[PDB]
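Chemist: Protein chains in written order, with PDB author numbering: chain P, 656 to 659, 672 to 685, 701 to 712; chain E, 399 to 478, 484 to 535. Here it is, the structure in full.
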């Protein structure tokens with residue numbers, strides 16, 4: 656659109684008990 | 399200062415002369431505490447550049463009081484970067500307002516601290532260690 672949520676259960680568990703960028707690259711011949 | 403500061407610093411070619419006047423303005427013994435807070439509160443909304451940091455250094459040499467939301471905005475802008488006066492700024496906050504600093508602020512610090520284009524890298528790392 657520059658060229659035109673979270674897990675319920677894993678959250679529920681938490682509620683019931685009481701930064702850098704990654705990178706990747708390659709190089710190929712012309 | 400609501401008349402003076404904003405336009406002078408929004409202006410381009412804002413030379414060192416003018417920064418030194420504003421530095422002496424914030425060094426005013428007569429600049430009373432609530433005045434210092436409103437000075438800061440007004441500085442916050444602006445596009446921050448080298449001159450903004452140079453001023454703010456002298457401004458917070460007073461050890462002036464910050465609300466948590468305001469310190470939040472401070473550290474937010476402060477996260478974003485090679486500048487050496489900006490190094491002074493980050494150092495001064497880390498040293499003094501460690502009373503105010505938390506872990507995520509310390510993390511955003513670490514992110515902005517990573518650069519070697521910085522000077523006083525070591526000192527900052529030691530301060531950052533000491534925060535932890």
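All C-beta atoms in this analysis are idealised placements derived from N, C-alpha and C, irrespective of residue type, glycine included.
Within a Cβ cutoff of 8 Å, which residues of the same chain sit near residue 450 (chain E), ignoring the five residues on either side of it in sequence?
Modeler: Taking the first residue of the second chain as position 1, residue 450 (chain E) is located at position 52. Contacts found: 407, 441, 444.
Chemist: Is residue 507 (chain E) buried or exposed, if buried means 16 or more other CB atoms sit within 10 Å of its CB?
Modeler: One-based indexing of the second chain puts residue 507 (chain E) at position 104. That one is exposed.
Chemist: Taking only runs of the alpha helix (DSSP H) that begin and end inside the region 407-474 of chain E, which ones reach a length of at least 4 residues, in chain order?
Modeler: Counting only runs of 4 or more, we get 414-425, 431-441, 448-458.
Chemist: Tell me whether residue 504 (chain E) is buried or exposed, calling it buried when 16 or more other Cβ atoms sit within 10 Å of its Cβ.
Modeler: Along the second chain, one-based indexing puts residue 504 (chain E) at 101. Residue 504 (chain E) comes out buried.
Chemist: With DSSP collapsed to three states, give me the class of residue 382 (chain E).
Modeler: The structure shown does not extend to residue 382 (chain E), since chain E spans only 399 to 535, so no value can be given for it.
Chemist: From residue 529 (chain E) to residue 486 (chain E), what does the alpha carbon distance come to, in whole angstroms?
Modeler: For this step, residue 529 (chain E) is matched to residue 126 along the second chain. For this step, residue 486 (chain E) is matched to residue 83 along the second chain. Rounded to the nearest angstrom, the two C-alpha atoms are 19 Å apart.
Chemist: How is residue 710 (chain P) classed by DSSP in three states: helix, strand or coil?
Modeler: Taking the first chain and counting its residues from 1, the one referred to as residue 710 (chain P) is at position 28. Note: residue 710 (chain P) maps to coil in three-state DSSP.
Chemist: Look up residue 659 (chain P) in the DSSP assignment and say whether it is helix, strand or coil.
Modeler: Residue numbering aside, residue 659 (chain P) sits at position 4 when the first chain is read from its first letter. Coil at residue 659 (chain P), not helix or strand.
Chemist: Looking at the unbroken alpha helix (DSSP H) that takes in residue 530 (chain E), where does it start and where does it end?
Modeler: For the purposes of this step, residue 530 (chain E) is identified with residue 127 of the second chain, where counting begins at 1. 524-534 is the span of the alpha helix (DSSP H), which, as asked, contains residue 530 (chain E).
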